[PDB]
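Residue numbers (my numbering), protein chains in the order written: chain A, 86 to 172; chain B, 86 to 172; chain C, 145 to 476; chain D, 145 to 476.
Backbone N, C-alpha and C fix where the C-beta goes; we use that ideal spot for every residue, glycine too.
Notes for the one structure printed next.
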Amino acid sequence: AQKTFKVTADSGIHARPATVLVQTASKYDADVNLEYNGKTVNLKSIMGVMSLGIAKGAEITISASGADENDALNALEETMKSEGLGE
Amino acid sequence: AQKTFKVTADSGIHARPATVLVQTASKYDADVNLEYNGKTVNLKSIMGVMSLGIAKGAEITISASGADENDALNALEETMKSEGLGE
Amino acid sequence: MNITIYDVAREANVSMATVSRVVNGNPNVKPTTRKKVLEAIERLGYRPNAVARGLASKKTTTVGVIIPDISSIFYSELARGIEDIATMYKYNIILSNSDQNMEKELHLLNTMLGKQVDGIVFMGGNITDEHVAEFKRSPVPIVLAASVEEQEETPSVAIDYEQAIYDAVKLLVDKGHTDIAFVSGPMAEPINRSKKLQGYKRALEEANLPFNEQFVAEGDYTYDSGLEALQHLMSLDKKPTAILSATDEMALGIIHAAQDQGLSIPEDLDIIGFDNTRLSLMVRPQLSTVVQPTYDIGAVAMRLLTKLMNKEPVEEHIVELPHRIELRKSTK
Amino acid sequence: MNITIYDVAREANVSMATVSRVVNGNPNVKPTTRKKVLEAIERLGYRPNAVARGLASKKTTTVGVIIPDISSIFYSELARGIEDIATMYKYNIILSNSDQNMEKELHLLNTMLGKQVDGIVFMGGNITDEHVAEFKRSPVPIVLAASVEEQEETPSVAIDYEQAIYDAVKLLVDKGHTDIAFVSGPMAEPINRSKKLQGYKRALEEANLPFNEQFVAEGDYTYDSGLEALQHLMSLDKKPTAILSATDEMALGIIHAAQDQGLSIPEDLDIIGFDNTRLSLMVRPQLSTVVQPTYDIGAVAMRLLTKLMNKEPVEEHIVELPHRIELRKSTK
DNA sequence: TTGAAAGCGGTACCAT
DNA sequence: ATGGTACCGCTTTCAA
């Protein structure tokens, strides 16, 4: 269960928002993951995400796969648009 | 002991600098005081000195009576200039 | 078991009790005995365990600070004060951001209360009846820094916000302004709705000037909410001749948003900030603002708390520090 | 007279040893017993005594944070990442200002270590060999944030300050500039003299441009030291075409110092700041800067610490976060 | 499951 | 000037 987004964020995935997204993923049992420029990091890992160095523009792909990969990808979307991080 | 000054610091007898003074005064047995605009406070006290509001371009007196009532005044005086707080 | 006091005792050939005195600095020690243990403590690379002491002595020499956001130019500067005065009194700090979130505030209150803190310096924006009832049943003293508590029954340190905004408005009236606008922060917060705003309204009242609802712009502290606020007031038919912001952030938000629309500060519009922060002298032109001893507040707050912690008596639980107005170039 | 597990143990006809089990959520507890003691813990308004627990469990769920000056605009942000990730991971924090003073930095380390911290985050400016020795002596994990440690012995987290200043210098030459100046910070700090400076002199001899030993101004991150930094430079005969400031606060001082001399930005000169703080965006014109994920630097640091504290394996201790250049208006 | 007891590192009152 | 020794509140085996 996935979906691409176009980082609408002004600063990209960084600061608190980044923390917000990463945490949202940790809310679910599913194996939420994130892909970017040919590199997949756990979306539940503050380090993996913040190490990719995202920024306005570049599009990303938020993966997912678990007994709740559905509600998960939904939630991730919420916050993704709650902190103006792509769409 | 005694010695009047004229604050030069824009900030005056506040912020970090003011702290330094209250402390430098606490190191001597001699009860060091601070008078300004009419009222006198214990210079070995944070609440007292700060509750004064001694703004830049003001006169104040620095007394000291007891054991080290001399070397004390010298000290506070040296600090008053080492932190740009008047002559 | 790893290099403990008991180890030093045998090594220095004395007793736990004696070692403890040496460690602590009890004078009842033979200069020869102390020396023995000091060298043993040295030889064993011993470090006294503060947690143990904590349980034993019933005090952790640390205080919990519940601040909304440590990344705030103001809240941050305020924190420092509290901190410089904590070290001064052999005290340690447990910092934690609440983000004005009540839930998180009452929470951290407990966390620290469980962590056996000796005292607490709380900083908020909306101290409710609960907070109060919560504050009153603390096993340790609590002191509010730069906050507003309508129930005035908790030792706090701050300035008279209502008088500040007043003196600033008043200073503007005396300059010949007849249409003064107010850019506040979130009204939810009593410091805005109940203090600063009322100070503003009470000023025009005694100035016999009519209250123009349209001249009250409600920011959110954001340097951007300021720009957006200046715009809305200039959108009005009868524009203000001078605007007063409840914060320096929004003030620069006013200045720049204006300079951009063309207006030229101060020769075209008068502007006064609040807090007198680092931003003040870091703008162009210099921002005339109401001075608030932010540092002092947290400092006098921490000191007032050291007093309460040492069960010593104090004159007036609620304290208020002086506030002046440094005029700069943003004002004709 | 706090109520301990004993009182609860009595107020539930059970053993204090099982009261413990419930509190920490031990599985092996019959539902009847649990639910029975849970309403008891509430019926007495019980809150566990962390100190007591930490003595026994040898774990305090608290990390120590040694920061130079929490009042700054830079570090305060860093402190937010640090603080915020630690909360995520249920870890309180002990904040303490060192003011880049060594005797203090080391003293603090000892104090926190004494208070049994589960780990530490050190944000220093001059990590000597002596710090290393002290560091290697901590029984708990120590992470470095946004700091430059030559020895490369302690696990740090930051951006490449060497390649960072290089990218800038390049972009500047990659636009015509030939006489470019660098206003660094106190060279006494290994991050100025060995990382920022190098990337400046390197990117020059890399573009043939002769190193101008008079284009290297030494500020102190201050808004004023930057003001006086631009006044000294526009004094020599061979005055710079563009200037690069080690930070935003020195960069802003520069922009204004020029306008104070009638100079116009970016018309007359091209400036580029560093760190990319709220400051490099609340100016007219807006400050161009080498973006530094300050929050990410701290948040990551705290994350990495969480790992070490859990003995969990961690590939590579030294971490480097990606940096970039964001131009606004201080450049043509 | 559940209880009993040995600590964890110190402090402080009490004797000697 | 020292040594002796109950705790301080809770975690953690070890047995029942």
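Query: Any C-beta of chain D under 8 Å from that of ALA160 (chain A); Result: no
Query: Where the alpha helix (DSSP H) containing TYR367 (chain C) begins and where it ends; Result: 367-379
Query: Endpoints, the alpha helix (DSSP H) within which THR177 (chain D) is located; Result: 175-187
Query: Chain-ordered residues of the region 133-145 of chain B with a beta carbon less than 8 Å from chain C; Result: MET135, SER136, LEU137, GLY138 and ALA140
Query: Chain C contacts made by the region 375-391 of chain D, where a contact means CB separation under 8 Å; Result: none
Query: Close Cβ partners of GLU278 (chain D) (< 7 Å) along its chain, the five nearest in sequence each way excluded; Result: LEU250 and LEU253
Query: Chain D contact for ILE131 (chain A) (CB, 8 Å cutoff); Result: yes
Query: Through-space distance from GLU357 (chain D) to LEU380 (chain D), alpha-carbon basis; Result: 12 Å
Query: Short CB-CB distance (under 8 Å) between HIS251 (chain C) and chain D; Result: no
Query: DSSP state of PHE218 (chain D) mapped onto helix, strand, coil; Result: helix
Query: Cβ neighbour criterion (16 or more within 10 Å) applied to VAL458 (chain C); Result: exposed
Query: Beta-carbon proximity of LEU371 (chain C) to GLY397 (chain C), cut-off 8 Å; Result: yes
Query: Validate contact between the region 274-290 of chain C and the region 434-448 of chain C using beta carbons, cut 8 Å, 3 pairs; Result: yes
Query: Interface flag, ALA110 (chain B) vs chain C, CB-CB below 8 Å; Result: no
Query: Exposure of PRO102 (chain A), with buried meaning 16 or more beta-carbon neighbours within 10 Å; Result: buried
Query: Contacting positions in the region 432-456 of chain C - beta carbon closer than 7 Å to chain B; Result: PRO437, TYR439, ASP440, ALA443, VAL444, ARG447 and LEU448
Query: Euclidean distance between Cα positions of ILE415 (chain D) and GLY320 (chain D); Result: 14 Å
Query: Proximity winner among C:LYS451, C:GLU460, C:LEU407 and C:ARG472, relative to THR433 (chain C) (alpha-carbon distances); Result: C:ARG472
Query: Residue-level contact to chain C via CB, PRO192 (chain D), 8 Å cutoff; Result: yes
Query: Interface partners of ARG468 (chain D) on chain A, CB under 9 Å; Result: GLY138 and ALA140
Query: Rounded distance between the beta-carbons of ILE149 (chain D) and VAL163 (chain D), thought under 8 Å; Result: 4 Å
Query: Residue environment, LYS180 (chain C), which counts as buried when at least 16 other CB atoms sit within 10 Å; Result: buried
Query: Selection of the region 229-257 of chain C by Cβ proximity to chain B, strictly under 7 Å; Result: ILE229 and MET232
Query: Residues that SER220 (chain C) contacts on chain D, provided the C-beta gap is smaller than 7 Å; Result: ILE214, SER215 and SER220
Query: Close Cβ partners of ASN270 (chain D) (< 8 Å) along its chain, the five nearest in sequence each way excluded; Result: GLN244, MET246, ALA332, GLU333 and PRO334
Query: Local conformation of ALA230 (chain D) per DSSP, three classes; Result: helix
Query: Against chain A: residues of the region 388-415 of chain D by CB proximity under 8 Å; Result: none
Query: Neighbour list for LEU199 (chain C) in chain D, Cβ cutoff strictly below 7 Å; Result: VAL195, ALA196 and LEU199
Query: Neighbour-count burial assignment, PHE355 (chain C), 16 or more Cβ in a 10 Å radius; Result: exposed
Query: Interface residues of chain B facing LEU465 (chain C) [CB-CB closer than 8 Å]; Result: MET135, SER136 and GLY138
Query: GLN87 (chain A) versus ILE309 (chain D) - alpha carbon distance; Result: 39 Å
Query: Those residues which DSSP pairs with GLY417 (chain D) across a bridge; Result: D:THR433
Query: Proximity of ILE217 (chain C) and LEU377 (chain C) at Cβ, strictly below 8 Å; Result: no
Query: Cut-off 8 Å between Cβ atoms - residues of its own chain near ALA230 (chain C), not counting five sequence neighbours on either side; Result: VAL207, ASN236, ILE237 and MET446
Query: Per-residue DSSP class, three states only, for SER282 (chain C); Result: coil
Query: Nearest-angstrom Cα separation, counted from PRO283 (chain C) out to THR475 (chain D); Result: 58 Å
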